[PDB]
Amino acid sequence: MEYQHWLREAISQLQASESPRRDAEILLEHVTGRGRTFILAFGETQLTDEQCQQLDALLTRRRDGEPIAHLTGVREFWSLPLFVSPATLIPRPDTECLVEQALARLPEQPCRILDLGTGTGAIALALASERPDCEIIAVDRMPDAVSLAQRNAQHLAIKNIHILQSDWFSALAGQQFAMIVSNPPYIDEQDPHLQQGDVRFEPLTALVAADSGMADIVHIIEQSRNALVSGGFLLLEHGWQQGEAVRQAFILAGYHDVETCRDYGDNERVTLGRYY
């Protein structure tokens, strides 16, 4: 069959998507290993049988809603290539913001950073990348997340990062970092989003927090205290609506210099405080 043909076909039976052509083009690229432009400039190309069959399986999934990054297994974050899997979350663009705000605060002097619920290793990696003079430490509860994280770390060649498997701080028993970053689960067990989107195929282990999606964020700002160096920062990502909320637990818990930066979707994504 023809690249141009397949693309035409798939896009059809893929209308329920928010980006059919793209979904299409990506898949076709993935299988054939030819870029977007090629596919566009040369739709006369035939597909070897395999390709057509391989393209087929992946397509069914995607009709059942399975995320694209789940099908191709990769995701870029901070211009850094991360392997992802339904073992954790697919690193989001807004999360890049957390990282941005955290890069400023970081002390001009080499230091140690902690990443709670690192997941794929997104945040931790991007940082240990920017600050090769700092020792970051990413921990995760699910044992599989720990591995994807280590797998990325290897593939990426970043060595000033260290992955562990604690439940928030258990394994950290006795350490204090300059800055503590964390995008924990902050979705309500029953937010209508869980209902729709690729987010149907993502784990609750990483999606749902308790107390109406606020359980973890708080338990962390609480814990974080006993682990931050003098005036070190603690910054968390949260839901678009948990703006004022998170701000308070931050003040109530006793955090100096509270603040709430906004991402490019002009939502409220990162809340950052300090401590003494």
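Numbering starts at 1 and follows the sequence shown.
- Higher mean CA temperature factor, per the PDB entry, when comparing 34 to 42 with 213 to 221: 213 to 221.
- Note on 11 to 19 vs 264 to 272: mean CA B-factor is higher in 264 to 272.
- Out of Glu29, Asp56, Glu66, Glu244, it is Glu244 whose C-alpha atom has the highest B-factor in the PDB entry.
- Residue set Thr120, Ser170, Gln154, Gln196: peak C-alpha B-factor at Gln196 (per PDB entry).
- When the modelled residues of the chain are ordered by their C-alpha B factor, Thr95 lands in the middle third.
- When all modelled residues of the chain are sorted by CA temperature factor, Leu103 is found within the highest third.
- In the PDB entry, a CA B factor belonging to the highest third of its chain's modelled residues is recorded for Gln176.
- Ranked against the other modelled residues of its chain, the C-alpha B-factor of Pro110 as given in the entry falls in the highest third.
- For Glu135, the recorded CA B-factor ranks within the middle third of the chain. Only modelled residues enter the ranking.
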